[PDB]
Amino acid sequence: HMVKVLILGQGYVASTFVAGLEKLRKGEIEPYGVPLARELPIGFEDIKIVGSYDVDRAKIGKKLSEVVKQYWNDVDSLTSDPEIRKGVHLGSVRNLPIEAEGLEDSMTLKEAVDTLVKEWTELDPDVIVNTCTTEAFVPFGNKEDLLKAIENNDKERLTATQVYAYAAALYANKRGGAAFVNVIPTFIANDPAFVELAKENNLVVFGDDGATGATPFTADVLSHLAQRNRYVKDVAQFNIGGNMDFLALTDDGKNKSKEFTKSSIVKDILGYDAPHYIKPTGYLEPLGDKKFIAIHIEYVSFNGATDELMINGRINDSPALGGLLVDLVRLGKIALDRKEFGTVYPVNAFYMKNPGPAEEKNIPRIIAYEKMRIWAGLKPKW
């Protein structure tokens, strides 16, 4: 009862996943932050990291342990310690102080994909996890346009995550099945082009955008208010932190993807589009990995009364998502074992803040949780 995992993008999230998982297999900690903890048939010792890819010249060729220790100084070794390999960069790190290298510097995208597939066939992952830098993306919608983009080496059109998910389908087809977990904003689970390519190629997809940070807290409050028929007048959410990833996109890149990165959480939960201010995380270096959040919601109660809630928080970013990933990789192996190719909403609805497919929307997360337990073969919690 094992799961082999390949990581794309060896940064803070990835390194916290690895370091946390090491402590969990070494019993140095309890699985707090891992929702399903030890309830699944796959134990923490049964999760094996078979590979890690990056585009940072400072990381490529280092052992996984050397990079993980840069984020978590207490990690001096790892049970599986593969060397970090070169991926495909496209535009990912163009705005960051990273010296980039990529397969597609010396070959076409189509060639780079075939090269990835060959490498991955030897590493043999069950689950590929995407923790790459946030991207100014535009979805395809039609598979034919994705295929043409690859065929024509259309680098200006594609993002790295789009190329990696494409490669994952080709890999899945050659391997007889695999899973791709997309915890970044780029539409994969929510792009019907990729859901169709996945269904056709023995690939399970979870996505998109890991459910951490302020937005899930806003959504929880909105769910409360909806139940009580309290009319939500406005919602303001502020989120700021010190991770370099928050500077990844130019104002232009943000403008280009805004149509797709805008949250639908408020209308999803309330049923009406209450005015809201929900934006990308701002940058302030000394906060490091621990975000400051501030949320303000005002609403109308009975007899014309008006109430206000102000939520503030300090939340550790990478650990939150790292813990979710411990479940998502094990759930990916279950979905693969069951041949549930395409995207799996019962999983996405709980773990993702933009749950795929495009035709499904966010629900209250307690409801999502109970339905996800049932999908996983567990009894509900309450």
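In case it trips you up, residue 1 is the first one in the sequence shown, and so on.
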### Task
Higher average CA B factor in the deposited record is what I'm after, so tell me if that's 195-203 or 255-263.
255-263
### Summary
Entry B factor averaged over C-alpha atoms, 111-119 against 246-254: higher for 246-254
### Query
Of the options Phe217, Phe292, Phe140, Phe302, which has the highest CA B factor as deposited?
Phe217
#### Entry: Highest recorded Cα temperature factor - choice among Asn182, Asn95, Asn229, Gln162
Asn95
### Query
So where's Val18 on the chain's Cα temperature factor ranking, which third?
middle
### Message
Please place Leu24 in the lowest, middle or highest third of its chain according to the CA B-factor in the PDB entry.
### Response
highest
### Message
How does the C-alpha B factor of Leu378 compare with the rest of the chain: lowest, middle or highest third?
### Response
middle
### Message
What third of the chain does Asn316 rank in for C-alpha temperature factor, lowest, middle or highest?
### Response
middle
#### Entry: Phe44 by Cα B-factor - lowest, middle or highest third of the modelled chain
highest
